[PDB]
Amino acid sequence: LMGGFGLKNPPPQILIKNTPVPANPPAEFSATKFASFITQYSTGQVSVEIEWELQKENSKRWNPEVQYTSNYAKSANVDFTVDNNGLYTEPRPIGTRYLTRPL
Amino acid sequence: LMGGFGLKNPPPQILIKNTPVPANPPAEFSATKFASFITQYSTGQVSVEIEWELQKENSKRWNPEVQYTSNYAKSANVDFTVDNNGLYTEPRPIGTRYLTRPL
Amino acid sequence: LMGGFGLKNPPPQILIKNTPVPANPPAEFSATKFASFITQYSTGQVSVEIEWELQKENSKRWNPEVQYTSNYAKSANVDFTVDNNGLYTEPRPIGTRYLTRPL
């Protein structure tokens, strides 16, 4: 109901954690397991590559259709670019229903 | 007498220690061996994989048998799960004598 | 809406009757067919054998699940057995929704 593709077997969840590396244990044994760990974190890169199957229009409409254009005007800030201090902003939501076809 | 499997040749003991890495020896020689070591410890992972041979029931009992069920009730803490601050608890001992067979 | 398996071609109806064996007809002919039959009935055995395809659980649940157990208590009459004079009784309805899986 939010829109999208309903999938019985969706893309599976990729779960990730840091392996716990404990600090120094005491000299004698104690079975109350571990509260002392080495405070750490990880970083890295992650790349996702989805292939999408397109469906071409077969339209026999005569007149021009409605497009998603950018307003060519004297603007202070370009749409869908970064700001004066590098904040990336998205000025409006873009749907996907622009082309037409008969019912 | 504690229960379990009596084994003449049990699983052998795996013993592990840190190799002693000494600190700086003196300039001249002394044969009173070593009291000065580098204070260290190790960590790692360990995985044990036992394969178990099951014995299926061949029961011709009619009525239902006694099972190990969890009490479905409004509970504050689920049995055999962690607490509000991550302490794993086991609420009761579970035996293994639930199925029946004639003597 | 009663539950079960909706079938376009269900198991076909097996219909059975006793063949009418008439009593003595009169000496002369009469075309008013027959009201006098030999009062009889049949008995026999009937065996039905359905094969059912099961679907195993693939559950990665940790804690124990809810089962159908029989109450182990000092009982006067065992559930789903016969009485003191051989009446077979079923004490409660048993559904089939006991195992769990995520939605």
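Please treat every number below as a calculation from the coordinates, not as lab data. Here Cβ is always computed from backbone atoms with ideal geometry, including for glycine, and neighbour counts include all displayed protein chains.
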In the structure shown, of B:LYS74/C:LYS56; A:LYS8/A:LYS56; B:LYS8/B:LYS56; B:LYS56/C:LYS60; A:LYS33/B:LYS8, the pairs separated by more than 24 angstrom at the C-alpha atoms are B:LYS74/C:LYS56; A:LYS8/A:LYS56; B:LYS8/B:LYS56; A:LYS33/B:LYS8
Bounding extents of the stretch A:45-86 in its principal axis frame from Cα atoms, largest first in Å, are 47, 38, 6
at B:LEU7 the sorted inter-copy label distances (label 7 Å from Cα on Cβ side), in nanometres, are 4.5, 5.3
Highest GNM mean-square fluctuation among B:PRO93, B:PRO12, B:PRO20, for chain B with Cα springs under 10 Å, belongs to B:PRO12
Check: C-alpha center the stretch B:1-56 vs C-alpha center the stretch A:89-103, spacing in Å is 66 Å
At q = 0.13, 0.19, 0.21 1/Å the base-10 log of I(q)/I(0) from the Debye formula over the alpha-carbon atoms of chain A is -0.95, -1.23, -1.26
Relative contact order as a percentage, the stretch C:39-100, C-alpha pairs under 8 Å and 6+ apart, gives 29 percent
With bins of 10 Å, the percent of all Cα-Cα pairs of the protein assembly as shown per bin from 0 is 3, 8, 13, 15, 14, 14, 12, 9, 6, 3, 2, 1, 0, 0, 0
Checking the stretch C:36-74 for chymotrypsin sites (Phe, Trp or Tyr not before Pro) in a loop per DSSP with at most 15 other beta-carbon atoms within 10 Å yields C:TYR41, C:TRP52, C:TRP62, C:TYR68, C:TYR72
